[PDB]
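Written below as structure tokens is the structure these notes are about.
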Amino acid sequence: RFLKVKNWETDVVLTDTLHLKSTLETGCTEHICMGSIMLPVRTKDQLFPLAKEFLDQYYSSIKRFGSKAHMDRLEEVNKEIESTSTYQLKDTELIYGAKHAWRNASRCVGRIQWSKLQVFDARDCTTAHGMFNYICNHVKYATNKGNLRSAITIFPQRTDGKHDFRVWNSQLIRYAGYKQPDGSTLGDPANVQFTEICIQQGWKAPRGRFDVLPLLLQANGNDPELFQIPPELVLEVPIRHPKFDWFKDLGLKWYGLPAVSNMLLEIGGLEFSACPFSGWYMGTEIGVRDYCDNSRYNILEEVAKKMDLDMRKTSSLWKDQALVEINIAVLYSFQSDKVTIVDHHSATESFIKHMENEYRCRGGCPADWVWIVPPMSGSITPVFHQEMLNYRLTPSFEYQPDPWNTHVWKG
Amino acid sequence: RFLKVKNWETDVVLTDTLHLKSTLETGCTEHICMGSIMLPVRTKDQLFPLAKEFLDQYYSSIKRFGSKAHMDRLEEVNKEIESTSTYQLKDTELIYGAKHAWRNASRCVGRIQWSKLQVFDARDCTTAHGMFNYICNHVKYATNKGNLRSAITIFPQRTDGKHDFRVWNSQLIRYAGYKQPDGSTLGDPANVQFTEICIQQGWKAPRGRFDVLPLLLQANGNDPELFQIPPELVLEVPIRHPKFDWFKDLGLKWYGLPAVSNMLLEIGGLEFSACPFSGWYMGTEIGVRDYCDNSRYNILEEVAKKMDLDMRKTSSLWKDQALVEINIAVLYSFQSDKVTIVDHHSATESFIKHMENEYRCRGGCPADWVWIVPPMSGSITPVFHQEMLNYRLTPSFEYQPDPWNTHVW
Ligand code: HEM
Ligand code: HEM
Ligand SMILES: Cc1cc(N)nc(C[C@@H]2CNC[C@@H]2OCCNCC(F)(F)c2ccccc2Cl)c1
Ligand SMILES: Cc1cc(N)nc(C[C@@H]2CNC[C@@H]2OCCNCC(F)(F)c2ccccc2Cl)c1
Ligand SMILES: C[C@H](O)[C@H](O)[C@H]1CNc2nc(N)[nH]c(=O)c2N1
Ligand SMILES: C[C@H](O)[C@H](O)[C@H]1CNc2nc(N)[nH]c(=O)c2N1
Ligand SMILES: [Zn+2]
């Protein structure tokens with residue numbers, strides 16, 4: 001079967017066949033679309049087909065499908081599963097697997113970069129201290145003094161689900177948030193609960209507006225342990241504006257390295273519950289979401305005050321005006337400090353070229369329009385006008401619940 | 001089976017039960033989501049279940065479900081379908097149906113207004129000239145000297161499908177487009193094909209940038225005929241900016257009345273193929289989409305230049321700056337001329353209030369996030385953070401194919 005998508009700006013029509021390899025469910029049915037819903041232990045029996053599907057894809061990718069090396073590897077993995085109930089990936093398979101999970105990430109606008117990913121194999125790690133060291137090395141490598149390089153570090157896979165490796169932080173680098181007795185928040189309101197956990201585990205909080213959180217690291221199902229990332233490894237950018245010299249005295253800064261650490265990587269039916277990965281920011285993440293969401297740093301009003309905008313009616317579009325200036329400031333600041341960043345026009349134009357390439361080469365590119373379209377200026381980017389098909393390919397990155405909800409405390 | 005939606009800004013969680021009454025298909029399957037796809041006669045047998053479903057909801061709404069008058073109406077309609085192969089709605093049913101088709105329009109941010117809709121019953125209309133008269137009256141009533149009022153005008157229902165009433169125009173009021181020897185497009189690029197069909201049918205095109213198109217009306221399945229809307233009934237707004245005095249010199253204007261005329265209204269299985277309806281604009285429709293789409297009037301570059309922004313690199317956000325100013329000018333011009341308009345902040349705020357009302361007293365509100373979130377400044381409006389479930393309820397408005405593909409001359 002064939003599915004077509006149309007671009008309403010260019011009239012370019014693409015044909016998807018790749019969706020035929022989709023397996024997992026979307027949440028949608030013929031009666032209900034759940035496209036805007038954010039969130040819509042394996043047996044030997046379920047595992048071997050998953051392993052086989054993966055190895056088939058890997059061996060096809062290297063043009064060795066059906067070879068003796070292919071057949072011997074299927075055999076070897078089958079025998080490993082029957083005997084030990086799981087199996088180990090070869091390094092080459094792990095690399096291919098991590099790159100493909102990114103390639104298949106339908107919510108990622110940055111996927112033009114998918115084949116350039118440094119994979120750090122941390123499967124020999126056994127303790128939280130070992131995790132800390134791996135993560136420091138990742139941060140220093142990825143940061144590269146501002147010349148950011150994509151990377152992922154992969155800790156040992158799930159076994160019985162009682163021995164999971166987990167990074168409790170949602171991102172490797174994030175600022176603390178502190179709920180005040182008067183109900184106001186100091187720092188990042190998104191991180192209040194997690195900050196509270198760190199404090200309870202014995203973190204001495206500075207209680208400022210941009211305090212880098214400690215890592216809380218769980219190895220082998222053990223209770224997590226706290227570690228401070230060396231501050232010299234945490235590259236930050238003070239935010240200033242090219243024309244407005246008062247912008248600096250807002251006292252804003254942000255960190256250069258966006259590094260998601262709470263997702264689960266599935267390759268061939270194996271589950272890597274700790275697999276922190278990093279790239280570089282698109283500016284709107286910081287300037288639109290982190291700074292301007294009402295339940296984040298929420299700076300729109302203060303910015304618009306300083307610009308002397310008419311604030312008595314929303315129809316002056318004061319919020320939109322202040323939003324654009326904050327985003328100019330984030331891009332200018334990163335660029336001035338030589339820290340990699342991409343603007344939303346750049347990024348979406350590159351995404352459309354990536355997607356067209358994938359359609360030709362691969363027969364499709366699953367994409368989640370709700371996430372791919374930037375949170376400002378949506379329709380002046382080419383992705384707004386592009387129809388997309390969202391479906392689930394493996395290998396994949398998946399959301400998993402926060403570990404504090406599920407962890408069995410050892411004490 | 002019962003589904004939850006969460007607002008990620010406010011943590012408010014709502015439970016949707018209304019979706020269990022959805023009938024039509026979404027285009028999504030368990031394997032593929034088609035959320036971003038723009039486009040994803042009835043026999044006696046098919047028609048009675050549809051009539052019954054509708055009449056049940058109707059009698060329910062007036063608190064007379066299972067009453068003698070309920071059973072008596074179901075009886076009458078059944079008899080009428082068996083004998084005539086169709087049936088006629090009572091005026092009360094027609095009004096209820098049209099208001100609910102709007103209530104059910106999952107792509108409409110303006111539904112807080114749904115119960116305030118003036119319904120013009122044009123089911124007695126028989127000719128294209130009659131259609132023109134009804135439409136001018138709609139246009140004049142809805143416009144109301146700039147104090148716009150929501151309205152729909154409903155022409156006769158489909159019969160055997162060879163006698164369709166159709167307004168060939170996509171909206172009652174739109175601007176002509178003409179491809180130039182220059183290679184460029186003069187006017188609205190979106191209307192090139194329709195403008196050509198107009199000329200072919202005899203329209204004397206002025207060949208300007210903002211020429212109000214004539215109506216092309218089809219009655220009783222006949223060949224469509226041309227009429228032009230009295231110029232004094234088409235309220236237009238010249239676009240200026242509260243601070244940039246050069247803005248007026250771009251020569252921009254837009255019309256005050258948005259009036260969709262190409263959709264099909266389905267009520268109780270009955271199909272109203274000509275049912276033009278109108279409300280009032282949300283500013284971004286004109287300022288973001290009409291003015292700044294590549295493929296529309298595409299004015300971003302000209303504005304940016306007059307602002308003397310750095311257009312050398314995308315990262316100066318020159319497009320975004322110019323976008324906001326164009327949208328400030330649209331809103332300012334409509335407000336100064338006392339023509340009803342709503343900004344995207346205010347409209348989305350009232351949709352959230354509407355959603356909560358609908359969850360509270362109906363068990364849900366079908367909504368298409370891809371359409372509800374404005375085409376600029378998405379995440380600084382409250383709808384961006386609101387999970388929505390999209391499903392199809394009847395009565396409904398449905399897209400239908402351009403009739404020039406359908407029609408046999
Ligand atoms: C290289 C530069 C990259 C850019 C500019 C980029 C851009 C983005 C953006 C803007 C988002 C949405 C973020 C949000 O709203 O929270 C995203 C999502 C995502 N990206 Fe990327 N990306 C990059 C690299 C990567 C890498 C290296 C990976 C993994 C190997 C990755 C995998 C993902 C995944 C799984 C999501 C969905 C996250 C979620 O569900 O929270 N991306 N990307
Ligand atoms: C009262 C003021 C109204 C406002 C501010 C409003 C707002 C909007 C907006 C912004 C859209 C998206 C349009 C687009 O992007 O092309 C829309 C779509 C729509 N609205 Fe409304 N609306 C109003 C009245 C109405 C009325 C009176 C009806 C029917 C009686 C209606 C039914 C629809 C339908 C069916 C769509 C989807 C149209 C399509 O698929 O092209 N709306 N609404
Ligand atoms: C409920 C929920 C579900 C889900 N799947 N993800 C989230 C995370 C939510 C989704 N938007 C905010 C929060 O993520 C912030 C992280 N963004 C940074 C980045 F990693 F995505 C990234 C961005 C740019 C370049 C590279 C990278 Cl690795 C929340
Ligand atoms: C392929 C296609 C499918 C579809 N369902 N609709 C369209 C119409 C396409 C989709 N966006 C543009 C075009 O409509 C412009 C009409 N907008 C005016 C209005 F009616 F929507 C309206 C707006 C504001 C207030 C009231 C009203 Cl009644 C195209
Ligand atoms: C409810 C809705 O799905 C939610 O707010 C989404 C919308 N689109 C998004 N897009 C991106 N890139 N990141 C997000 O966090 C979200 N949030
Ligand atoms: C492909 C995508 O669905 C398309 O560009 C949509 C996106 N959202 C929209 N939203 C509204 N309100 N109107 C539109 O015309 C569109 N176009
Ligand atoms: Zn869907």
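In the structure tokens, each chain is lettered A, B, ... as it comes, each chain's residues begin at 1, and ligands are numbered from 1 in order of appearance.
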
(message) At a cut-off of 10 Å around ligand 3, and using only C-alpha atoms and all ligand atoms, what residues come up? Please write them as a VMD selection string.
(response) (chain A and resid 37 to 40 102 107 to 111 150 to 152 170 to 172 174 190 257 to 263 276 to 286 289 to 290 341 to 342 371 397 to 401) or (chain B and resid 8)

Keeping only C-alpha atoms, write the selected residues as a compact mmCIF listing (two decimals), in the first residue's frame.
# COMPACT_ATOMS: atom_id res chain seq x y z
CA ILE A 37 -1.91 13.87 23.61
CA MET A 38 1.66 14.07 25.06
CA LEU A 39 1.58 10.47 26.45
CA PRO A 40 -0.82 8.49 24.25
CA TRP A 102 17.23 8.98 16.44
CA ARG A 107 9.13 14.43 17.24
CA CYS A 108 12.73 15.49 16.35
CA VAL A 109 13.21 18.31 13.88
CA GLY A 110 17.01 17.91 14.01
CA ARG A 111 17.15 14.52 12.29
CA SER A 150 25.95 15.06 19.11
CA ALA A 151 26.48 12.10 21.43
CA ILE A 152 24.77 9.37 23.42
CA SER A 170 15.21 14.58 33.08
CA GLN A 171 18.18 16.38 31.38
CA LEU A 172 21.85 16.17 32.41
CA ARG A 174 18.97 21.88 34.31
CA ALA A 190 9.49 22.74 36.10
CA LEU A 257 24.15 21.60 26.16
CA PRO A 258 20.60 20.15 25.87
CA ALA A 259 20.89 16.52 27.01
CA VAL A 260 17.79 14.33 27.47
CA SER A 261 18.43 11.67 30.14
CA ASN A 262 15.04 10.17 31.07
CA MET A 263 14.16 8.24 27.91
CA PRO A 276 21.47 10.14 27.97
CA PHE A 277 21.78 11.87 24.61
CA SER A 278 22.62 15.44 23.53
CA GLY A 279 22.72 17.65 20.47
CA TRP A 280 22.50 21.46 20.33
CA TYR A 281 19.54 23.79 20.84
CA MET A 282 17.09 25.31 18.44
CA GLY A 283 16.70 28.86 19.85
CA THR A 284 12.95 28.74 20.40
CA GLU A 285 13.31 25.95 23.00
CA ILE A 286 15.02 28.48 25.28
CA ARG A 289 9.39 27.69 26.01
CA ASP A 290 11.97 27.91 28.85
CA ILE A 341 22.62 26.97 18.09
CA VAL A 342 20.17 26.84 15.19
CA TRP A 371 6.02 18.79 17.82
CA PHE A 397 13.31 6.30 22.08
CA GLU A 398 10.30 6.05 24.50
CA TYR A 399 9.08 8.00 27.49
CA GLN A 400 9.29 6.06 30.77
CA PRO A 401 7.79 7.07 34.11
CA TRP B 8 0.17 21.04 30.71

(message) So that I can check the surroundings of residue B:113, please list as a PyMOL selection string every protein, DNA and RNA residue that reaches within 10 Å of it, counting only C-alpha atoms and ignoring chain neighbours fewer than 2 positions away.
(response) chain B and resi 99+102-103+109-111+115-117+150+279+350-351+354

(message) as an MDAnalysis selection string, please: the residues near stretch 69-84 of chain B (cut-off 8 Å, only C-alpha atoms, same-chain neighbours under 4 positions excluded).
(response) chainID B and resid 44 47:48 51:52 55:56 59 64:65

Select from chain A every residue with an atom at most 8 Å from any atom of chain B, then for each give the shortest pair of atoms and their distance in Å to one decimal, using only C-alpha atoms, rows by chain and rising number, as JSON lines.
{"residue": "A:5", "atom": "CA", "partner": "B:37", "partner_atom": "CA", "distance": 7.3}
{"residue": "A:9", "atom": "CA", "partner": "B:295", "partner_atom": "CA", "distance": 5.9}
{"residue": "A:19", "atom": "CA", "partner": "B:32", "partner_atom": "CA", "distance": 7.4}
{"residue": "A:22", "atom": "CA", "partner": "B:31", "partner_atom": "CA", "distance": 6.6}
{"residue": "A:23", "atom": "CA", "partner": "B:31", "partner_atom": "CA", "distance": 6.8}
{"residue": "A:24", "atom": "CA", "partner": "B:31", "partner_atom": "CA", "distance": 6.8}
{"residue": "A:25", "atom": "CA", "partner": "B:30", "partner_atom": "CA", "distance": 5.1}
{"residue": "A:26", "atom": "CA", "partner": "B:30", "partner_atom": "CA", "distance": 5.3}
{"residue": "A:27", "atom": "CA", "partner": "B:30", "partner_atom": "CA", "distance": 6.2}
{"residue": "A:28", "atom": "CA", "partner": "B:30", "partner_atom": "CA", "distance": 5.2}
{"residue": "A:29", "atom": "CA", "partner": "B:29", "partner_atom": "CA", "distance": 4.6}
{"residue": "A:30", "atom": "CA", "partner": "B:25", "partner_atom": "CA", "distance": 5.1}
{"residue": "A:31", "atom": "CA", "partner": "B:25", "partner_atom": "CA", "distance": 5.4}
{"residue": "A:32", "atom": "CA", "partner": "B:391", "partner_atom": "CA", "distance": 5.0}
{"residue": "A:33", "atom": "CA", "partner": "B:390", "partner_atom": "CA", "distance": 5.1}
{"residue": "A:34", "atom": "CA", "partner": "B:389", "partner_atom": "CA", "distance": 5.7}
{"residue": "A:35", "atom": "CA", "partner": "B:35", "partner_atom": "CA", "distance": 5.8}
{"residue": "A:36", "atom": "CA", "partner": "B:387", "partner_atom": "CA", "distance": 5.4}
{"residue": "A:37", "atom": "CA", "partner": "B:387", "partner_atom": "CA", "distance": 5.3}
{"residue": "A:38", "atom": "CA", "partner": "B:387", "partner_atom": "CA", "distance": 7.5}
{"residue": "A:288", "atom": "CA", "partner": "B:379", "partner_atom": "CA", "distance": 7.3}
{"residue": "A:289", "atom": "CA", "partner": "B:379", "partner_atom": "CA", "distance": 7.3}
{"residue": "A:292", "atom": "CA", "partner": "B:380", "partner_atom": "CA", "distance": 7.2}
{"residue": "A:293", "atom": "CA", "partner": "B:380", "partner_atom": "CA", "distance": 6.6}
{"residue": "A:294", "atom": "CA", "partner": "B:9", "partner_atom": "CA", "distance": 7.1}
{"residue": "A:295", "atom": "CA", "partner": "B:9", "partner_atom": "CA", "distance": 6.0}
{"residue": "A:314", "atom": "CA", "partner": "B:345", "partner_atom": "CA", "distance": 6.4}
{"residue": "A:315", "atom": "CA", "partner": "B:343", "partner_atom": "CA", "distance": 5.7}
{"residue": "A:316", "atom": "CA", "partner": "B:328", "partner_atom": "CA", "distance": 6.2}
{"residue": "A:317", "atom": "CA", "partner": "B:328", "partner_atom": "CA", "distance": 6.3}
{"residue": "A:319", "atom": "CA", "partner": "B:380", "partner_atom": "CA", "distance": 7.8}
{"residue": "A:320", "atom": "CA", "partner": "B:377", "partner_atom": "CA", "distance": 6.4}
{"residue": "A:321", "atom": "CA", "partner": "B:324", "partner_atom": "CA", "distance": 6.5}
{"residue": "A:324", "atom": "CA", "partner": "B:321", "partner_atom": "CA", "distance": 6.5}
{"residue": "A:328", "atom": "CA", "partner": "B:316", "partner_atom": "CA", "distance": 6.2}
{"residue": "A:331", "atom": "CA", "partner": "B:315", "partner_atom": "CA", "distance": 6.8}
{"residue": "A:332", "atom": "CA", "partner": "B:316", "partner_atom": "CA", "distance": 7.9}
{"residue": "A:342", "atom": "CA", "partner": "B:315", "partner_atom": "CA", "distance": 8.0}
{"residue": "A:343", "atom": "CA", "partner": "B:315", "partner_atom": "CA", "distance": 5.6}
{"residue": "A:345", "atom": "CA", "partner": "B:314", "partner_atom": "CA", "distance": 6.3}
{"residue": "A:346", "atom": "CA", "partner": "B:314", "partner_atom": "CA", "distance": 7.0}
{"residue": "A:369", "atom": "CA", "partner": "B:36", "partner_atom": "CA", "distance": 6.3}
{"residue": "A:370", "atom": "CA", "partner": "B:370", "partner_atom": "CA", "distance": 6.6}
{"residue": "A:374", "atom": "CA", "partner": "B:378", "partner_atom": "CA", "distance": 7.9}
{"residue": "A:375", "atom": "CA", "partner": "B:378", "partner_atom": "CA", "distance": 4.9}
{"residue": "A:376", "atom": "CA", "partner": "B:377", "partner_atom": "CA", "distance": 4.1}
{"residue": "A:377", "atom": "CA", "partner": "B:376", "partner_atom": "CA", "distance": 4.1}
{"residue": "A:378", "atom": "CA", "partner": "B:375", "partner_atom": "CA", "distance": 5.0}
{"residue": "A:379", "atom": "CA", "partner": "B:375", "partner_atom": "CA", "distance": 5.0}
{"residue": "A:380", "atom": "CA", "partner": "B:293", "partner_atom": "CA", "distance": 6.8}
{"residue": "A:387", "atom": "CA", "partner": "B:37", "partner_atom": "CA", "distance": 5.3}
{"residue": "A:388", "atom": "CA", "partner": "B:36", "partner_atom": "CA", "distance": 5.9}
{"residue": "A:389", "atom": "CA", "partner": "B:34", "partner_atom": "CA", "distance": 5.7}
{"residue": "A:390", "atom": "CA", "partner": "B:33", "partner_atom": "CA", "distance": 5.1}
{"residue": "A:391", "atom": "CA", "partner": "B:32", "partner_atom": "CA", "distance": 4.9}
{"residue": "A:392", "atom": "CA", "partner": "B:31", "partner_atom": "CA", "distance": 7.5}

(request) Skip residue A:85 itself and residues of its chain fewer than 2 positions away, then list as a count of residues only all residues within 10 Å of it, counting only C-alpha atoms. (result) 15

(request) Within stretch 162-280 of chain B, find each residue whose DSSP state, derived from the backbone, is alpha helix (DSSP H), and express the selection as a ChimeraX atom specification. (result) /B:192-200

(message) as a ChimeraX atom specification, please: the residues near residue A:340 (cut-off 7 Å, only C-alpha atoms, same-chain neighbours under 6 positions excluded).
(response) /A:146-148,280,334

Keeping only N, CA, C and O atoms, write the selected residues to a file as a PDB file, in the first residue's frame.
ATOM      1  N   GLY A 146      32.035  24.765  23.100  1.00  0.00           N
ATOM      2  CA  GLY A 146      31.053  25.526  22.340  1.00  0.00           C
ATOM      3  C   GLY A 146      30.751  24.961  20.964  1.00  0.00           C
ATOM      4  O   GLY A 146      29.703  25.260  20.411  1.00  0.00           O
ATOM      5  N   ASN A 147      31.686  24.205  20.383  1.00  0.00           N
ATOM      6  CA  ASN A 147      31.477  23.572  19.097  1.00  0.00           C
ATOM      7  C   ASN A 147      30.799  22.198  19.307  1.00  0.00           C
ATOM      8  O   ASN A 147      31.441  21.133  19.280  1.00  0.00           O
ATOM      9  N   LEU A 148      29.489  22.247  19.552  1.00  0.00           N
ATOM     10  CA  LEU A 148      28.758  21.084  20.081  1.00  0.00           C
ATOM     11  C   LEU A 148      28.750  19.890  19.132  1.00  0.00           C
ATOM     12  O   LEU A 148      28.668  20.068  17.919  1.00  0.00           O
ATOM     13  N   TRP A 280      22.374  20.025  20.053  1.00  0.00           N
ATOM     14  CA  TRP A 280      22.500  21.464  20.331  1.00  0.00           C
ATOM     15  C   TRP A 280      21.082  22.040  20.222  1.00  0.00           C
ATOM     16  O   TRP A 280      20.200  21.420  19.619  1.00  0.00           O
ATOM     17  N   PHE A 334      24.235  33.231  21.978  1.00  0.00           N
ATOM     18  CA  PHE A 334      24.891  31.959  21.648  1.00  0.00           C
ATOM     19  C   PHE A 334      25.921  32.154  20.523  1.00  0.00           C
ATOM     20  O   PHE A 334      27.087  31.735  20.645  1.00  0.00           O
TER      21      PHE A 334
END

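One distance worth recording is that between atom 8 (N, counted along the ligand's line) of ligand 6 and atom CA of residue B:371, which is 4.3 Å.
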
(request) With only C-alpha atoms and all ligand atoms counted, collect every polymer residue having an atom within 6 Å of ligand 4; state the result as a PyMOL selection string. (result) chain B and resi 38+258-260+278-282+399

Store the residues picked out above, limited to N, CA, C and O atoms, as a short mmCIF file (atom, residue, chain, number, x, y, z; two decimals), in the first residue's frame.
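Saved file again04.cif follows:
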data_model
loop_
_atom_site.label_atom_id
_atom_site.label_comp_id
_atom_site.auth_asym_id
_atom_site.auth_seq_id
_atom_site.Cartn_x
_atom_site.Cartn_y
_atom_site.Cartn_z
N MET B 38 -4.74 17.50 5.57
CA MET B 38 -5.84 18.45 5.37
C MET B 38 -7.15 17.76 4.96
O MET B 38 -8.22 18.12 5.46
N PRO B 258 -15.68 37.25 6.80
CA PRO B 258 -15.27 35.91 6.35
C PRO B 258 -16.49 35.00 6.23
O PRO B 258 -17.24 34.84 7.19
N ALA B 259 -16.71 34.42 5.06
CA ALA B 259 -17.94 33.70 4.83
C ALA B 259 -17.69 32.47 4.00
O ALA B 259 -17.57 32.56 2.76
N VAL B 260 -17.60 31.31 4.66
CA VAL B 260 -17.28 30.09 3.93
C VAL B 260 -18.47 29.61 3.17
O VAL B 260 -19.54 29.45 3.74
N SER B 278 -21.00 32.63 8.13
CA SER B 278 -20.03 33.70 8.33
C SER B 278 -19.97 34.05 9.79
O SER B 278 -20.94 33.83 10.51
N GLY B 279 -18.80 34.55 10.23
CA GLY B 279 -18.69 35.08 11.59
C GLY B 279 -17.88 36.36 11.53
O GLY B 279 -18.24 37.31 10.85
N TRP B 280 -16.74 36.36 12.20
CA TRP B 280 -15.82 37.48 12.08
C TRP B 280 -14.42 36.94 12.22
O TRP B 280 -14.22 35.85 12.76
N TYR B 281 -13.47 37.70 11.73
CA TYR B 281 -12.07 37.24 11.64
C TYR B 281 -11.34 37.19 12.97
O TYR B 281 -11.61 37.98 13.87
N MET B 282 -10.45 36.22 13.09
CA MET B 282 -9.35 36.27 14.05
C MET B 282 -8.22 36.88 13.23
O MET B 282 -8.02 36.51 12.07
N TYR B 399 -16.06 19.13 4.09
CA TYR B 399 -15.51 19.65 2.85
C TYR B 399 -16.14 18.86 1.69
O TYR B 399 -16.59 17.73 1.85
#

Just the residues within 10 Å of residue B:261, please, counting only C-alpha atoms, with nothing from its chain fewer than 2 positions along; format it as a PDB file with N, CA and C atoms, in the first residue's frame.
ATOM      1  N   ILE B 152     -25.958  31.910   8.964  1.00  0.00           N
ATOM      2  CA  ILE B 152     -25.866  30.890   7.916  1.00  0.00           C
ATOM      3  C   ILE B 152     -27.138  30.975   7.071  1.00  0.00           C
ATOM      4  N   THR B 153     -27.006  30.727   5.763  1.00  0.00           N
ATOM      5  CA  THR B 153     -28.147  30.703   4.874  1.00  0.00           C
ATOM      6  C   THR B 153     -28.157  29.310   4.241  1.00  0.00           C
ATOM      7  N   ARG B 166     -25.338  24.823  -5.277  1.00  0.00           N
ATOM      8  CA  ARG B 166     -23.939  24.975  -4.930  1.00  0.00           C
ATOM      9  C   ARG B 166     -23.589  26.438  -5.101  1.00  0.00           C
ATOM     10  N   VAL B 167     -22.774  26.978  -4.196  1.00  0.00           N
ATOM     11  CA  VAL B 167     -22.098  28.247  -4.424  1.00  0.00           C
ATOM     12  C   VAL B 167     -20.726  27.786  -4.867  1.00  0.00           C
ATOM     13  N   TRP B 168     -20.367  28.149  -6.094  1.00  0.00           N
ATOM     14  CA  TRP B 168     -19.084  27.692  -6.645  1.00  0.00           C
ATOM     15  C   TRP B 168     -17.902  28.373  -5.947  1.00  0.00           C
ATOM     16  N   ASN B 169     -18.052  29.634  -5.544  1.00  0.00           N
ATOM     17  CA  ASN B 169     -17.011  30.318  -4.756  1.00  0.00           C
ATOM     18  C   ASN B 169     -16.648  29.562  -3.454  1.00  0.00           C
ATOM     19  N   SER B 170     -15.377  29.613  -3.047  1.00  0.00           N
ATOM     20  CA  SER B 170     -14.966  29.007  -1.756  1.00  0.00           C
ATOM     21  C   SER B 170     -15.385  29.875  -0.549  1.00  0.00           C
ATOM     22  N   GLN B 171     -15.454  31.188  -0.757  1.00  0.00           N
ATOM     23  CA  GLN B 171     -16.002  32.129   0.251  1.00  0.00           C
ATOM     24  C   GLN B 171     -16.855  33.135  -0.519  1.00  0.00           C
ATOM     25  N   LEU B 172     -17.861  33.727   0.136  1.00  0.00           N
ATOM     26  CA  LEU B 172     -18.741  34.723  -0.526  1.00  0.00           C
ATOM     27  C   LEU B 172     -17.956  35.918  -1.023  1.00  0.00           C
ATOM     28  N   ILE B 173     -17.020  36.379  -0.200  1.00  0.00           N
ATOM     29  CA  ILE B 173     -16.180  37.501  -0.558  1.00  0.00           C
ATOM     30  C   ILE B 173     -14.723  37.044  -0.608  1.00  0.00           C
ATOM     31  N   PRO B 258     -15.682  37.250   6.796  1.00  0.00           N
ATOM     32  CA  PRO B 258     -15.266  35.913   6.348  1.00  0.00           C
ATOM     33  C   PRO B 258     -16.490  35.004   6.232  1.00  0.00           C
ATOM     34  N   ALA B 259     -16.706  34.425   5.063  1.00  0.00           N
ATOM     35  CA  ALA B 259     -17.941  33.703   4.825  1.00  0.00           C
ATOM     36  C   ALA B 259     -17.686  32.473   4.003  1.00  0.00           C
ATOM     37  N   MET B 263     -18.816  24.446   1.811  1.00  0.00           N
ATOM     38  CA  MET B 263     -18.962  23.240   2.635  1.00  0.00           C
ATOM     39  C   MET B 263     -20.366  22.661   2.551  1.00  0.00           C
ATOM     40  N   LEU B 264     -20.483  21.420   3.003  1.00  0.00           N
ATOM     41  CA  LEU B 264     -21.735  20.669   3.023  1.00  0.00           C
ATOM     42  C   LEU B 264     -22.171  20.487   4.463  1.00  0.00           C
ATOM     43  N   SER B 273     -25.936  21.140   0.452  1.00  0.00           N
ATOM     44  CA  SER B 273     -24.735  21.355  -0.351  1.00  0.00           C
ATOM     45  C   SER B 273     -24.380  22.837  -0.570  1.00  0.00           C
ATOM     46  N   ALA B 274     -25.302  23.746  -0.233  1.00  0.00           N
ATOM     47  CA  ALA B 274     -25.086  25.204  -0.332  1.00  0.00           C
ATOM     48  C   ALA B 274     -25.617  25.770   0.963  1.00  0.00           C
ATOM     49  N   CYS B 275     -24.691  26.205   1.797  1.00  0.00           N
ATOM     50  CA  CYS B 275     -25.003  26.627   3.149  1.00  0.00           C
ATOM     51  C   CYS B 275     -23.952  27.658   3.592  1.00  0.00           C
ATOM     52  N   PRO B 276     -23.773  28.748   2.816  1.00  0.00           N
ATOM     53  CA  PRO B 276     -22.768  29.735   3.214  1.00  0.00           C
ATOM     54  C   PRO B 276     -22.956  30.213   4.668  1.00  0.00           C
ATOM     55  N   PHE B 277     -21.856  30.300   5.424  1.00  0.00           N
ATOM     56  CA  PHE B 277     -21.924  30.779   6.815  1.00  0.00           C
ATOM     57  C   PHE B 277     -20.823  31.790   7.114  1.00  0.00           C
ATOM     58  N   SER B 278     -20.999  32.630   8.129  1.00  0.00           N
ATOM     59  CA  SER B 278     -20.026  33.699   8.329  1.00  0.00           C
ATOM     60  C   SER B 278     -19.970  34.049   9.790  1.00  0.00           C
TER      61      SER B 278
END

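Residue-level DSSP output for stretch 25-233 of chain B, from the backbone, shows strand (DSSP E or B) at residues 33, 118, 119, 120, 121, 151, 152, 153, 154, 166, 167, 171, 175, 177, 178, 179, 185, 186, 187, 212, 215, 216, 217, 218, 225, 226 and 227 of chain B.
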
(request) With a distance cut-off of 10 Å and only C-alpha atoms, select the neighbouring residues of residue B:236, excluding the residue or stretch itself and same-chain residues fewer than 3 positions from it, and output the selection as a ChimeraX atom specification. (result) /B:146,231-233,239,253-257,334,337,339

(request) Find the residue from A:348, A:406, A:327, A:88 that sits nearest to ligand 5; use only C-alpha atoms and all ligand atoms when measuring. (result) A:348

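Among the candidates B:68, B:149, B:140, B:360, the one nearest to ligand 2 when counting only C-alpha atoms and all ligand atoms is B:149.
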